[PDB]
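One-letter residues, chain by chain:
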Amino acid sequence: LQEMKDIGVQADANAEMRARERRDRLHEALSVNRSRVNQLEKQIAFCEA
C-alpha cells in the first residue's frame, strides 16, 4: 500500500481502459499524419528533381 501511495497514480479501471484507448488511437493518428507528410515531401523532391 505504501508503494501505491509512492507511485501516486489513481489508475482507475475505467481510467486505464480509456487512457490506453485514447493514447493508442493517438499513436496511430500520429503515424498516419507523419506518413502524409512524408508522401508530400517525396512528391516535392520529385518536382525539384
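Shown numbers run from 1 along every chain as its sequence is written, which may differ from how the entry numbers residues; residues without coordinates are omitted from display. Reported values pertain to the displayed chains only, which are themselves part of a larger assembly. Hydrogens and water molecules were not included; the side-chain quantities draw on all heavy atoms of the structure.

The protein chain appears in the PDB entry as Chromosome partition protein MukB from Photorhabdus thracensis.

Engineer: Before we move on, could you go through a positive patch on the surface and cite the residues and values that matter?
Structural biologist: Like-charged residues within 9 Å of one another, or nonpolar side chains (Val, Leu, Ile, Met, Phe, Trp, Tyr) within 5 Å, are grouped into patches, provided each residue has over 30% relative accessible area and no salt bridge. Here the Shrake-Rupley method, with its probe set to 1.4 Å, supplies the accessible areas, and only the displayed protein chains count as covering residues. Should a side-chain nitrogen of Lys or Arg be within 4 Å of a carboxyl oxygen of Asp or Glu, the pair is scored as a salt bridge. Charge convention: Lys and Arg are scored as positive, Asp and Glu as negative, and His as well as the terminal groups of each chain are ignored. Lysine's charge is taken at NZ, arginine's at CZ, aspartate's at CG and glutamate's at CD. A grouping of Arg18, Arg22, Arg23 and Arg25 is seen on the molecular surface, where their side chains present a positively charged patch. Here a helix means four or more residues in a row that DSSP labels H or I, a strand means two or more in a row labelled E, and each is numbered from the N terminus. Tracing the chain through its elements places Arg18 in helix α2 (residues 13-48). For each residue, the accessible area found with a 1.4 Å probe, counting protein chains only, is set against the maximum for its type, and the residue is called buried under 20%, exposed over 50%, and partly exposed in between. Residue classification places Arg18 among the partly exposed positions, given a relative accessible area of 41%.

Engineer: Kindly report on unusual backbone geometry, identifying the contributing residues and their values.
Structural biologist: Phi at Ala11 takes a positive value of approximately 45°, unusual for a residue other than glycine. Within the secondary structure, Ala11 is located in the loop between α1 (2-7) and α2.

Engineer: Go over the environment of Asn14, please, and point to the residues and values.
Structural biologist: Along the polypeptide, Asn14 turns up in helix α2. Since its relative accessible area comes to 44%, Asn14 is described here as partly exposed. The sequence separation of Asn14 and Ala49 amounts to 35 residues, and the corresponding C-alpha distance is 53 Å. Polar side-chain contacts of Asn14 include one of 2.9 Å to the side chain of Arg18. We call two N or O atoms a polar contact when they sit within 3.5 Å, provided that within protein one can donate a hydrogen and the other can accept it, with sequence-adjacent residues counted only if both atoms are side-chain atoms.

Engineer: With reference to specific residues and values, describe a nonpolar patch on the surface.
Structural biologist: There is a patch of nonpolar side chains on the surface, built from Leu1, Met4, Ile7 and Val9 and spanning about 470 Å² of accessible area. Along the chain, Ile7 turns up in helix α1.

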